[PDB]
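The next block holds one structure in the form of structure tokens; read it before the comments.
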Amino acid sequence: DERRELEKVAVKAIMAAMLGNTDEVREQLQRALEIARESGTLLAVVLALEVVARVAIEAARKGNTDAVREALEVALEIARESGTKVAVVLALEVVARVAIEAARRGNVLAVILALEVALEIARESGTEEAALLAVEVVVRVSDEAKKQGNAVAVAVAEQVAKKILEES
Amino acid sequence: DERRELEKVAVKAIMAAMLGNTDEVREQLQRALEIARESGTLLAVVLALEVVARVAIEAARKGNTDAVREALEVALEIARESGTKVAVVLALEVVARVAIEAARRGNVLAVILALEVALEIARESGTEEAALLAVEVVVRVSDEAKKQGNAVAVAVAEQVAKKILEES
Amino acid sequence: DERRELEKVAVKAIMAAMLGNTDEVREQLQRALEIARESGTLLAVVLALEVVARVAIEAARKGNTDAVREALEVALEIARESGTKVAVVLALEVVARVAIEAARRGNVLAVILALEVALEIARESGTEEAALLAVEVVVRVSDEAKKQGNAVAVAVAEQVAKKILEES
Amino acid sequence: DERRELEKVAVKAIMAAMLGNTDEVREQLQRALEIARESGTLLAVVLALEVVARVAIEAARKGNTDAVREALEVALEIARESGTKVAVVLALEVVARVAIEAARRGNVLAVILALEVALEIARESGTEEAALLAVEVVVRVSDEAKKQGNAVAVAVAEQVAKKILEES
Amino acid sequence: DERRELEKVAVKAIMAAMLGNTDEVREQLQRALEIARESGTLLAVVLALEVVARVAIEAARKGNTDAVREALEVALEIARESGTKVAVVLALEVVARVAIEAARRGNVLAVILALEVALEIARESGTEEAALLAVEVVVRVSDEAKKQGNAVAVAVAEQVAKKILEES
Amino acid sequence: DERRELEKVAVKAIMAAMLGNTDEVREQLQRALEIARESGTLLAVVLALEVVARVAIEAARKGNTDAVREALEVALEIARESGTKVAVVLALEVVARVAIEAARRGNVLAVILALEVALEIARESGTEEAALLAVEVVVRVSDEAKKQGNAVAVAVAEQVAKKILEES
Amino acid sequence: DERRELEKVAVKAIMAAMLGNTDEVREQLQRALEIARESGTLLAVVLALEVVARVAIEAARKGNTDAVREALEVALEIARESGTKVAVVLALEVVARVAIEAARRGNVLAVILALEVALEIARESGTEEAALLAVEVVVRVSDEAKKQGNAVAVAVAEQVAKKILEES
Amino acid sequence: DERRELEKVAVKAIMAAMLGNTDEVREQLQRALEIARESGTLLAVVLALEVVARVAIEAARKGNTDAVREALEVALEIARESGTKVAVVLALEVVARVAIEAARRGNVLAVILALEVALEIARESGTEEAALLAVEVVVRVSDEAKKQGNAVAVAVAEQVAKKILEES
Amino acid sequence: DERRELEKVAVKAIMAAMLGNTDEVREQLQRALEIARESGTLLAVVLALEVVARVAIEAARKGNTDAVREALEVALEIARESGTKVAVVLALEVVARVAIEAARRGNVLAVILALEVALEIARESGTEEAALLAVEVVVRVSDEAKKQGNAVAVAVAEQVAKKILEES
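Chains A, B, C, D, E, F, G, H and I, in that order, are what the protein sequence lines are. For the first sequence, this note's numbering begins at 46 and goes up steadily by one. For the second sequence, this note's numbering begins at 46 and goes up steadily by one. For the third sequence, this note's numbering begins at 46 and goes up steadily by one. For the fourth sequence, this note's numbering begins at 46 and goes up steadily by one. For the fifth sequence, this note's numbering begins at 46 and goes up steadily by one. For the sixth sequence, this note's numbering begins at 46 and goes up steadily by one. For the seventh sequence, this note's numbering begins at 46 and goes up steadily by one. For the eighth sequence, this note's numbering begins at 46 and goes up steadily by one. For the ninth sequence, this note's numbering begins at 46 and goes up steadily by one.
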């Protein structure tokens, strides 16, 4: 049922991200979080994070900075609440996919937001592995930004790399 | 005749797995199970499990999560109904082949489904050997996932290894 | 000599496909068929099918629906008359190449025509392998159409897949 | 709040640039600078530079030479005060966008003003990269001016290129 | 030196094409031909054909039918005298560029003249490739003429296509 | 120090290639040559050839035929003066990279210049291996030119291949 | 000396195979044959067959069907003229290496040509061993073609296997 | 404790090698050296050399020439200070692994740097065995470079082989 | 001292065989011969033949046909000059070891060269025992070649067996 419920949520949230309906994106992502919460399985976490990813990618394509921010905050919270390394790794992969799409589209706000959430996951996780993976996310985004000629995103990635390297 | 019958079933089920026709995959796999049931030989069990494997591998290549799930449930049932250790070992090898193909293709759902069936075979078998073989399946899938850079599958394999090690 | 003769035919037919000269495309493709007929070798069949492919690809690029249709009918007839599995497989590869080029160009008529000939080759061949290969052609065309954002072609491929799956 | 504050500033400054209200454009741009100053974040710098860009682009469309000058001086000061390479790069992109719009509109004063600020950013930055980027700005403006038949702007770009090449 | 000599010729011929000075265009193009003749290199042929192209394009923009005709006759002669396939291909590209500019400008005489020279290059070359390339020139000119709503040029291109297809 | 010196030279030469400053490109490339000369190491040769490559690639992107010519003459001289096979191979790779970039950009002059230097390296080297590598350069440039639809470059590559094959 | 002579021949023939120079490939391979003829040793036969192999492999990589055909005809003639089983076995190994490279490259003509020469060696040799080895060549080529997904080559290998099995 | 200390060093140094932070890579590698120094065991030497290897491999993958150089200098110093043949052999294996990774990645600087350190280990060791092993390193790198088509690295390996063979 | 001298020679010759340095292999093997000559003992002959064997084995592993040939010629000369049956038997064992290693490595040239030297030792020795031992060498090489699937070497061994059997 959760899959079908998450399907409803995904549909509504994606359409809201396409239209600039921040209120509806916020409400639907909160429901994805609650479904993951209520289900108590990694499979539900995975599905919810996939919904969050799809919403954020659509938002990144549209210049919908609010929806990217809302979605990645919910990925961060799913990573906080799940209590597993797998959820943290999956959240970082969501952040990477969103940031890469943003870099391709000239969406500098979404690159900034995504990389800040990568930094926050590394800061809160307190594992060496999460720091390493966050640096790998930053490198992937830098590579894409160089390829696309997105100088703002190259600079943002360098800034976040420096911050992780100084503060981790 | 069974071979030719299983040949028909294989053809139809593989084509259904390629097209996302969950209803037809389900029906055809049920018929493979029934043929193994009616034949009453290990050779028929072997052939049916090979059909199941081929269907699940094709599904794993295509992102057809439903068909992978349906196929591996039928492998599990063939392992339950056959009453031989050989059938259990063959079912575990099917699960390994499917999970390895899934790991190569980035099919994280199919890796999860396959490893869960490995865990269920170990849980239901109540033999030390089945636990050992299931752990060997998990290791093979982990190795492949590391080789392919499929971090989701590495994490899933670690999770299932931990579960078998805690609960077996 | 046949190669040089097929060279003449190719030149004239391609130029006719570029110009919307249906009458000349028809006449030249009939001569390619007759050369394959007169030669009585697989090498001549291969060469004639390559000529047919080149003509149909050029037609697909130009929106020349008549020439795509004429060319693929001649591929079908070469597959009917040759009496070999190799000719049938080569004809299906011609159909795939044409349909893929059409999908890339927004040529929905040519996608429809090509996939209908794939279906007819599967229907007339009466082999399991031809059905499997035709389904593989449909999948390749679907993949390309998704990649290019050609929703008409995605839908056409789904329709033909369904038909093969129901009627084969 | 800053975003909303910068929103107010943007609204007032753009309307002032449309009306030839130099005094109000000056006052509002000073407030954008002060908001960036008070906030102490790169995100605030980015937002303030976007406001400056929008004001200068509107001014360039209207023949409002004073407002283009005022706006680009504030971009220069934001680049001076921020203490980051990212702010310098963003300021140069503002200058490029304004100069390109000016070239399209026959606004030779705004092209001159913009390219002079590019030159000043390169002169003050003391980095090779800023010189390279400034030359890239000049090239982009030259390209646009050639495309639009704006011979004054082509000549101005050549003059500034020569100056950077002699003096850098 | 030839480059500088061809530079002088280009300057004088372009200015003559702008002013309707048929006598001077004729004399200067004859000198470009003679320079290519005297130099005995492909590089000189390339440069002379570029001069011819620039003169003919300027003429096509101005309604200077005489100068387009004179220039394309000299391209034809350079293609005749050079003894290389490369010169023939370059001459056909000159003809295409001139015909495309003419189609954009409503210069129906220049389209006719250019396409007739394409036809003559195909007729005199006696290679299949030159016929194919000439047909490609006609298609490019047809495409441009359709885009610009130049019905005379669409009709002329169709006429020349038909002639090449009947007589080649 | 040489690296930093070559860094200065690179910066100045690239900027000169972007601006059409033939005199400065010439002077800076002469200094790269002299640095390689003074250093007396293969590492210095490698670095100087990399500078030459970067300058020529930038020139090829800009239509700066003079700078491509100047740069490749200096690569040729570095290959002449170094006295090693490694320097000759590196010079040929520079020529290939420049010619490939030129083919992608429609820069037919730069393709011609580059392939002529490949031919001169093969002519002067008097080794079979240099002839083979030069032919491989021509093939790579032909492949790229076919891919990009740069018929002038395809023809030029064929001409140079023929010359090497006749005269080597 | 022969080695050095065969070295010259190899160099010229390989370069000709890379360039589509059928006339030169033909002439050089005839000279390899004549050197083997004049030398009267198995070592010279071995060296000549190695030259032939290298030429045919390069041709197979390039789509040079003429050169593959010419080269394998010369291997066949060396097998005919040498009067030893060793020469026949070496010729069959040449054919296998060429056909395998062709299968890897999608060069269906070269697979066909190579397998036809395997068939002709088996037909002319009149030994059981040559038939067995030819069938082993066909199997090796089939295996490679299956591995690479070269369905044309799989079908061609099956056809030739059938022919050897029916007619040997 | 040393293992955990070397773990910290490894983490920081690898992340620094990924980011182009030469200063931090230098500092961390100096600490690995000092830990090996302070510990006074072969096990500590082995662990430190493994850290150095991991850092240099990551650097070689990233184009971080400075970090490869710094790391291999520290391997050389560990080989100098340890006073055992085992440390020298382990240092040479580090150099080989780094050079092989560099050859695979097109990192010609890192191949050069690595092979120069192999040469220096052979020069300083004054044992026949170290010369033999260094030649084996060069051969392994040559083999890999040939396999990957890295002609620069093949040439560099040949140069270093020649130098060892002349000067050892 | 001779042992140490032969040690130097071995080191230099092996390294030369690894690098393709035919001139140095030739010179060093000549010195091994001269040491055996100067020493006048069977122990020196044994040591020199062991050096020759090691050099030839290394060459056979590397595809260094020249060095295998040079080394086995020196074994032949040591067998000619020593004046003892023991030296002849030891030379034949060297030839066998080299040919066996070559058979394992696919080094058909080295198998041919080695077996030809076995034949020459049998031809020059004029003893029945040397013929018998040479036939035993050929059998050992045939056995190894069959085991490794080296059909060229099997055929070469059969040829040499036939020659010894006809001509001995």
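Ideal Cβ positions, reconstructed from N, Cα and C, are used throughout, including at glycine.
query	result
Three-state secondary structure assigned by DSSP to H/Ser213	coil
Three-way DSSP call (helix, strand, coil) for F/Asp46 in this model	coil
DSSP state of C/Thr172 mapped onto helix, strand, coil	coil
Any chain E beta carbon closer than 9 Å to F/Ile157	yes
Closer than 9 Å to chain D by CB, A/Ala196	yes
Secondary structure of residue 44 of chain C, DSSP reduced to three states	For residue 44 of chain C there is no data in the structure shown, the boundaries of chain C being 46 and 213.
Residues near E/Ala104 in its chain [Cβ-Cβ closer than 6 Å; skip 5 each side]	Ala62, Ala112 and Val113
Pairwise C-alpha distance: I/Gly108 and G/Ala55	19 Å
B/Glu95 at chain K interface by Cβ criterion, 9 Å	Although the question refers to chain K, the structure presented lacks it and instead comprises the protein chains A, B, C, D, E, F, G, H and I.
Anticipated Cβ contact below 8 Å, C/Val180 with C/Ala198, distance rounded	Their Cβ separation, rounded to whole angstroms, is 16 Å, which puts C/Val180 and C/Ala198 out of contact at 8 Å.
Cβ of A/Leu135 within 9 Å of any chain B Cβ	yes
Of the listed residues B/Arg149, B/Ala159, B/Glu79 and B/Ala148, nearest to B/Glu118 (C-alpha basis)	B/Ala159
Selection from G/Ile102, G/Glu83, G/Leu74 and G/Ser213 that minimises the alpha carbon distance to G/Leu164	G/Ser213
Within 9 Å, strictly: CB atoms of A/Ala124 and A/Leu137	yes
Where E/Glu173 meets chain C, residues with beta-carbon distance less than 8 Å	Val56
Three or more C-beta pairs below 8 Å linking the region 66-74 of chain D and the region 188-204 of chain C	no
Residue 39 of chain A burial status per 10 Å Cβ neighbour count (16 or more: buried)	Because residue 39 of chain A is not part of the residues shown, which for chain A are 46 to 213, the question remains open.
First and last residue of the uninterrupted alpha helix (DSSP H) at C/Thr110	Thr110 to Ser127
Cα-Cα separation between I/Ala58 and C/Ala89, rounded to whole angstroms	59 Å
Neighbour-count burial assignment, G/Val184, 16 or more Cβ in a 10 Å radius	exposed
Environment of A/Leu64 [buried if 16+ CB atoms lie within 10 Å]	exposed
Candidates E/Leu94, E/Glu189, E/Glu83 and E/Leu210, of which the one nearest E/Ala167 by Cα	E/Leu210
Neighbour flag for I/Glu69 against chain H, beta carbons, 9 Å	yes
Integer Cβ distance of E/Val139 from E/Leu94, believed to fall under 8 Å	5 Å
Alpha-carbon spacing of B/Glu126 relative to B/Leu135, whole angstroms	13 Å
Chain-ordered chain A contacts of B/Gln204 [CB-CB under 8 Å]	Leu87, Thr129 and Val131
Where the region 161-189 of chain D meets chain F: residues whose CB sits under 9 Å from a CB there	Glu173, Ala176, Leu177, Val180, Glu181, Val183 and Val184
Own chain partners of C/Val131 with C-beta closer than 7 Å, once the 5 adjacent residues on each side are dropped	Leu87
Within 9 Å, strictly: CB atoms of G/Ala120 and G/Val91	no
Reference B/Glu189, options B/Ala77, B/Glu122, B/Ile145 and B/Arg99, closest by Cα	B/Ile145
Proximity winner among G/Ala116, G/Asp46 and G/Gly151, relative to G/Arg99 (alpha-carbon distances)	G/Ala116
Where C/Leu74 meets chain E, residues with beta-carbon distance less than 9 Å	In chain order: nothing, as chain E lies at least about 16 Å away.
Cβ-based burial, A/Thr110 [other Cβ within 10 Å; buried from 16]	buried
CB of D/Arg150 within 9 Å of CB of D/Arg106, strictly	yes
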